[PDB]
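Quick check, what structure comes out for this input:
(chains A, B and C, ligands or ions: 14)
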Amino acid sequence: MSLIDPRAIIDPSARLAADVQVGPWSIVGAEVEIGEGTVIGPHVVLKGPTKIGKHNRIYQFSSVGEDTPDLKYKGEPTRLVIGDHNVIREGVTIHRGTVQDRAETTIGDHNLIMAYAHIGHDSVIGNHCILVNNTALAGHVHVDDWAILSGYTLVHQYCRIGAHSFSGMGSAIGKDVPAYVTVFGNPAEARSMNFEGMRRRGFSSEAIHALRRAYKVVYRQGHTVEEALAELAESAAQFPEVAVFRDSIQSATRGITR
Amino acid sequence: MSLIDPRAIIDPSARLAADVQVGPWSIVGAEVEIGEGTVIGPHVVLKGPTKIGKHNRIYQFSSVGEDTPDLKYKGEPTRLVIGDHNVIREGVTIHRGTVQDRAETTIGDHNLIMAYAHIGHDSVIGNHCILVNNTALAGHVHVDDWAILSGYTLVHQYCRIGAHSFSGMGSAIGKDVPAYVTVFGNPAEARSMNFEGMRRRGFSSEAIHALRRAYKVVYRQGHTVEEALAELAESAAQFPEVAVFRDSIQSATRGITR
Amino acid sequence: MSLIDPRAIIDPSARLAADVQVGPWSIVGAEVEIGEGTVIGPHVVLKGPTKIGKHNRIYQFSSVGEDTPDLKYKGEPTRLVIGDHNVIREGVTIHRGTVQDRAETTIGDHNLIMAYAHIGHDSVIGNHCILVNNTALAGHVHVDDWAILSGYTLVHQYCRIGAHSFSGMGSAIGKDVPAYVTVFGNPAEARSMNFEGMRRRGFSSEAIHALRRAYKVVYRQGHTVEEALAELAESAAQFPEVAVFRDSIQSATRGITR
Ligand SMILES: Nc1nnc(CN(Cc2ccc(=O)[nH]c2)C(=O)CSc2ccccc2Cl)o1
Ligand SMILES: Nc1nnc(CN(Cc2ccc(=O)[nH]c2)C(=O)CSc2ccccc2Cl)o1
Ligand SMILES: Nc1nnc(CN(Cc2ccc(=O)[nH]c2)C(=O)CSc2ccccc2Cl)o1
Ligand SMILES: [Cl-]
Ligand SMILES: [Cl-]
Ligand SMILES: [Cl-]
Ligand SMILES: [Cl-]
Ligand SMILES: [Cl-]
Ligand SMILES: [Cl-]
Ligand SMILES: [Cl-]
Ligand SMILES: [Cl-]
Ligand SMILES: [Cl-]
Ligand SMILES: [Cl-]
Ligand SMILES: [Cl-]
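Numbers count the residues shown, from 1 in each chain, chains lettered A, B, ... in the order given. Ligands and ions are numbered 1, 2, ... in the order given. I have put the structure below:
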C-alpha cells in the first residue's frame, strides 16, 4: 500500500519523516517539512517554507502554505508552522505570514479545520479548536484553545477569539471575542457564555456560576469595559477560570489618554 | 470513443453500469456503485459505501461520500444514496450518515446542487430542489421537493425546509421553513409565500389566493402556532396545496405539557 | 523549463502564445485562447469559447469558462473574455454568458480575484478591482474600476457596483452601490464614502470634501433620489470625481411615469 504515491510530486528540497504518506497528484513544494505519521490525501498542494508536525491528516483540494494574495506581502520568504494531530478537511487554504507582523502563520495541536475554511496570513491557532466549514480568518487572527467557530464564521483582520469561545453560523466578528463567550450574527453580538464546552472541560459548578456572574458584569450590568475589569478582579483571584475571561477582555482595550 | 479515462482510479470493489464515464484523475473509492448513463468529471473523489443512480452529471473538486468530520461519527460503516438525473456542480461536498440518526445521507431525483455547496451527515433531499452556490446543510437537514435555497444559505442541524419553500441569499435558517414560504437574512425571517414557483407548478388561482390566506393566518394575524393550525383546518380540507403547508407547520412544533 | 507540463491536457483547437505555462493536470478545453506570458497553475480547468489576455496568473481548483448551471442557459455557444495582468486565486469559478443578456462574461485588466470567489454568467469587471475570498456575483453584475468587495460579499442578479465602492465582509448587496460608497451587512446599507481608496488614488482634498458633500446630499439630507441628482449637478460639473458618483446613481433609477 506503498507510502508516497508515484503520481505525486515531491521537491528534492522537501523533507518527510519515514512513514509519511502522500496520495496521488499531490505536490510537496520546496522547503516543505512533514513530521512522522502524517498523511497527505490526493490532489493536495503544499508550498514552503512550511513545517508540518506529526500524525496530521490533510485532505484533497487543500492549498496549504501558499503566499497571501494581499498586496502588502511582496514575496518576502515567510513561514507556516503546523503542530501535531491536526485535521485539515477538503479545500482548506492556509497562507504563510508577511514580514509586516510576525512573519509566520501558526497552528498548534489537535485542531479540526473543516472544508473550504481559510486561515489568512499571520493567523495563529492554539489546540483542540474547531473551525467549521468556510470559517475565514482574514489575517493576524489569534484563536486561543478549545474555541469553536460555527460554519461561515468571518473574523476581521487582527481579532482575538478567546479560549472556549463560540461563534454561531454566519457570525461576522469585527472585534475580540472574550474567553467562553457565545457570539451570533452580522455583525457578531455577545449572547451568553458557552456553558456547553465548560461542562465538556468538567469545570466545577462554582466556576461555571462564577463565569455567569462575570458575563453579567461586563455585558448585562452596563458597567464600562474598564469598570467591569475592576469588578472582576475579586472574581478572578478566586477562580483561574474567570482570570482567563478578565485577561481576554484586558488586552483587547488599551485605549488612549483622555 | 473511450468511457472511463485511464488516468482515473477505480477500486476493484466499485461497480459501474456499462455506459458510465469517468474523467481523468477522478477516484471511485471502494463500495461505490454508479448507475447507467452517469458522468463523473475530472478530479472527482467518490468514497463509499455510496450508491449513485442513473444519468447524473458530477463535476471537478467534488468530494462525494466522504465521512462527516463531526467527532460524533467514529467511522461506523454508514451510507450515502443519490437518485437519478441529478447535477452536482464544481466543489460540492456530500458526507455519509452517522449511526446516531438514520445511518444514511440521501438525495432524490432531478436536483441541482451548485458549486461549493455542502450536504452534511444524514441530510435528506427530495426532487427538483435547487441548492445554489455554497448552500450548507449542517446535518440531518430534510429538504422537501421543489425547494430553492439561494446562494450561501446556511441551515442549522435538524431543520426541515418544506416544499416549494425559498431562502434568499445569505439566509441563516435556525428553524423549520414551512412549505411555500420565502425567508431572508440572518437570522432567517418569513416574508411571503413563493408565488413564483407556484405559477411554475401551474397551481390554480384559488389555490394561490388560499395559500396567501394561509400565510396571513400563521404569521401576519399573530395567532399562536397552535391557534393558526386550528384555523387552517378548513382551508386545508378544501385545498391539498394548503394541506401541505399546514402539515409542514404541524410536525415542527409538538411542544410540552404546560 | 519547457513551458506546458506534459501531464496537462491541451485541446488541439485551443491556442496559446509562445511563453504561456500550464502546470500539471490542468485542462485547456477546446476554443480556449491564452495570451502571452500567462501562467496556468496545476489542477486548473479552462473551457471555451474563452479568451484569456496577457500576463495572467490562474491558480489550482479554478474552473474558468464553465457553463452557468442556471436553467435559463440551454447550452447556446456563449463566451468568456479576460483582459491582462489579472490574478485568479485558488478555487475561483467564472461562468460564460447566456444569450438572454450580452452573451459574454467579461473581465478587464489588473484585477485580483481571491480564493473560492464566483463570477456568474454575464457579469462584467473593469480594472484594479479586488474581489476577496468567496465574493459571489450571482449574474449580470457590473463591477466598475477600483471597487473592493470584502470577503463573502454577495451581489444579487443585475446589481452595479460603482467605482472605488467598497463592501464590508458578509455584505449582502441587493441593489446598486454608488461610486465611492462603503456598504455593510445583510442586507447591505450605505455607511460612508471610501476615503481610503480616494487617498490611494491621490484625489485632491477639494475633491474628497466635495464627495463627502455629495454623500451627505443623497443619503443623510433625505432628499429623494431624483431631488439629490438635481443638487449634485453643480458639484458634478466642478469635479469629474463627483460626476462619476452622480452618474452611478443616475442609471440605477429610471423609475416609471407616475
Ligand atoms: N449552533 C450550533 N450548534 N451546533 C452546531 C454545529 N455547528 C458547529 C459545530 C460544533 C462542533 C462540531 O464538531 N461541528 C460543528 C455548525 O457550525 C452549524 S453550521 C454548519 C455545520 C456544518 C457544516 C457547515 C455549517 Cl454552515 O451549530
Ligand atoms: N433574489 C433572487 N431571486 N433569484 C435569485 C438568484 N438566486 C436564486 C436562483 C434562482 C434560480 C436558479 O437557477 N438559481 C438560483 C440566487 O441564489 C442569487 S445569489 C447567488 C446566485 C448564484 C451564485 C451565488 C449566489 Cl450568492 O436571486
Ligand atoms: N472592513 C475592511 N477593510 N478591509 C478589510 C479586509 N478585507 C478586505 C481587503 C482589502 C484589500 C485586500 O487586498 N485584501 C482584503 C476583507 O475582506 C476582510 S474579510 C476577509 C479577508 C481575506 C480573506 C477572507 C476574508 Cl472573510 O475589511
Ligand atoms: Cl447570560
Ligand atoms: Cl447569583
Ligand atoms: Cl403576504
Ligand atoms: Cl380576500
Ligand atoms: Cl396583510
Ligand atoms: Cl492602469
Ligand atoms: Cl487607472
Ligand atoms: Cl489593484
Ligand atoms: Cl452596460
Ligand atoms: Cl463644508
Ligand atoms: Cl450631517
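
And for residue A:144, the neighbour number?
22 (other Cβ atoms under 10 Å in any protein chain shown). All C-beta spots, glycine's among them, are computed from the backbone N, C-alpha and C.

which residues touch residue A:46?
Contacts of residue A:46 were listed using Cβ atoms under 8 Å, 6 or more residues apart in numbering or on different chains, and they are A:14, A:26-29, A:32, A:34, A:40, A:52, A:64-65.

likewise residue A:122?
With contact taken as Cβ under 8 Å, 6+ apart, residue A:122 is in contact with A:97-98, A:100-105, A:139-140.

do you know how far the residue nearest the centre of chain A is from residue A:105?
Centrality entry for chain A: nearest residue to the mean C-alpha point is residue A:125, 3.3 Å, by Cα atoms, centre = their mean. Taking Cβ to Cβ, to the nearest Å as the criterion, residue A:125 is separated from residue A:105 by 9 Å.

ok so, going back, what is the nearest of the contacts of residue A:46 to chain C?
When these are compared for distance to chain C (Cβ to the nearest Cβ), residue A:27 wins out at 6.5 Å.

Identify the residues contacting the nearest residue to the closest one once chain neighbours are set aside.
Take residue A:27 and drop its neighbours on the chain: the residue closest to it by Cβ to Cβ, 6 or more residues apart in numbering or on different chains is residue A:9, 4.7 Å away. Remark: with contacts taken as Cβ under 8 Å, 6+ apart, residue A:9 is in contact with A:26-28, C:24.

The same query, at a cut-off of 10 Å, please.
Contacts for residue A:9 were tallied using Cβ atoms under 10 Å, 6 or more residues apart in numbering or on different chains; they are A:22, A:25-29, A:45, C:7, C:23-24, C:42.

Mind putting the residues you listed into CSV with distance to ligand 3, neighbour count and secondary structure?
Putting the contacts of residue A:9 into CSV (distance: Cβ to the nearest ligand atom, whole Å; neighbours: other Cβ atoms under 10 Å in any protein chain shown; DSSP: H, G, I helix; E, B strand; the rest coil) gives the following:
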residue, distance to ligand 3, neighbour count, secondary structure
A:22, 28, 27, strand
A:25, 26, 25, coil
A:26, 24, 23, coil
A:27, 23, 25, strand
A:28, 25, 28, strand
A:29, 21, 19, coil
A:45, 18, 26, strand
C:7, 31, 16, coil
C:23, 23, 21, coil
C:24, 27, 18, coil
C:42, 22, 20, coil
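
Widest-spaced pair of those residues?
For these, the maximum inter-member distance is 17.2 Å, found between A:22 and C:23 (Cβ to Cβ).

In the stretch 1-150 of chain A, which residue sits closest to chain B?
For the stretch 1-150 of chain A, the residue positioned closest to chain B under Cβ to the nearest Cβ is residue A:90, at a distance of 4.4 Å.

no, scratch that, I was asking about the stretch 101-250 of chain A
Closest contact between the stretch 101-250 of chain A and chain B, by Cβ to the nearest Cβ, is at residue A:170 (4.4 Å).

Which of the three states applies to that residue?
In three-state terms, and counting by DSSP: H, G, I helix; E, B strand; the rest coil, residue A:170 is coil.

And it, how far from residue C:191?
Summarising the geometry, the distance separating residue A:170 from residue C:191, computed by Cβ to Cβ, is 20 Å.

need the contact list for residue A:162.
Taking Cβ under 10 Å, 6+ apart, we find residue A:162 in contact with A:142-147, A:176-181, A:244-245, A:247-249, A:252.

Quick check: which of those residues are also close to ligand 3?
The overlap between the contacts of residue A:162 and the neighbourhood of ligand 3 (criterion: Cβ under 6 Å from any ligand atom) is empty.

Using PyMOL, define a selection of the buried residues within these.
Entered in PyMOL, the line below selects the buried ones among these, by 16 or more other Cβ atoms under 10 Å in any protein chain shown:
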select buried, chain A and resi 142+143+144+145+146+147+176+177+178+179+180+181+244+245+247+248+249
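
Filter the contacts of residue A:162 down to the ones in strands?
Restricting the contacts of residue A:162 to those inside strands, with DSSP state E as the criterion, leaves A:142-143, A:181.

what's the neighbour count on the one residue in the stretch 151-258 of chain A that gets nearest to ligand 2?
When distances are taken as Cβ to the nearest ligand atom, the stretch 151-258 of chain A approaches ligand 2 most closely through residue A:152, which lies 12.1 Å from it. By other Cβ under 10 Å, 29 other residues sit near residue A:152.

With residue A:240 instead?
Each residue near residue A:240 was counted by other Cβ under 10 Å, and the total is 9.

And the helices in the stretch 151-258 of chain A, which stretches?
Under the criterion DSSP state H, counting those that start in this stretch, the stretch 151-258 of chain A carries helices at the ranges A:195-200, A:205-218, A:225-238, A:240-250.
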